[PDB]
Amino acid sequence: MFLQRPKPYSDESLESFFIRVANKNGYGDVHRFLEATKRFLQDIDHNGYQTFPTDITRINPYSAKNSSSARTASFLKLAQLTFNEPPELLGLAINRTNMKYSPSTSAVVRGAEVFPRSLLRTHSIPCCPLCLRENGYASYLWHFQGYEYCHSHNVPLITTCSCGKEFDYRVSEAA
RNA sequence: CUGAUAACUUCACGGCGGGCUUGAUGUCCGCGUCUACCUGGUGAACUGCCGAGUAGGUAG
């Protein structure tokens, strides 16, 4: 109950929304609040709590074959009665759709926009600091957006970016 | 359009007498049934009042 001051702005792929509510009040990673959400889904007046995920990934509402209709219903009351001033939460969800293209590639709706195929990277992506955080990575071609020369693969020592290993995917002119 | 055409078989009645199936008998020996199993009431018919009362009544 009462997640204090949902702040955020647009242009986000919903994964740092749980990270920004993780860095407040003093909490480790997202396994606690993520269990306390699915515990609250296991609490009063709910029917579909069993399939709400467990890990860093898979908060995505197309990662299950048939919990897609359960994930949005999970995401319905995950904004209303748990936030003062319930924010723009719904619509950030990268869903799936019924549309296709002509070369038989699966269409995928974010809030109004369609990616070419639901394959693009899904793993081992670059990342740049000093925002919170992006909408456009884990895709084929979205690199810099104004400030350039920022690939940031972490061959040197641990904890270069100051976030706390939540999103932080790093392992050890016409563009 | 028939081996064609027609056609009363009827009346009467005592089966009876007698009678010992018997004697004897050993069905026995042996025996591993077992392994694995979800029945599924969400919150849902809630709170008083009189009477000594696990009886009885009485409210919205």
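Residues numbered from 1 in each chain as written, not as in the entry; some residues may be left out. Chains lettered and ligands numbered in written order. Part of a larger assembly, values for the part shown. Heavy atoms only, no water.

Judging from the entry metadata, cryo-EM is the method by which this structure was determined, and 3.18 Å is the reported resolution.

A. Summary view of the packing of aromatic side chains. The tally for this structure, following the rule as stated, stands at seven aromatic pairs. With a centroid separation of 6.2 Å and an interplanar angle of 90 degrees, the aromatic rings of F52 and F75 are classed as edge-to-face. Here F52, found in the loop between α2 (31–42) and α3 (68–76), pairs with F75, found in helix α3; they are 23 residues apart in sequence, far enough to count as distant. Summarising the burial analysis for this pair, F52 and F75 share the class buried. Both rings, one in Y137 and one in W142, keep their centres 5.1 Å apart while their planes meet at 85 degrees; by these two values the pair is edge-to-face. (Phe/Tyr/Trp six-rings, centres within 6.5 Å; stacked < 30°, edge-to-face > 60°. Helix = DSSP H or I, 4+ residues; strand = E, 2+ residues; numbered from the N terminus. Buried < 20%, exposed > 50% of the residue type's maximum accessible area, 1.4 Å probe, protein only.)

B. A look at α3. Every buried residue of α3 is accounted for by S68, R71, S74 and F75. Down the axis of α3, the buried set is contained in an arc of 115 degrees. They therefore lie on one face. (Arc of directions from axis to C-beta.)

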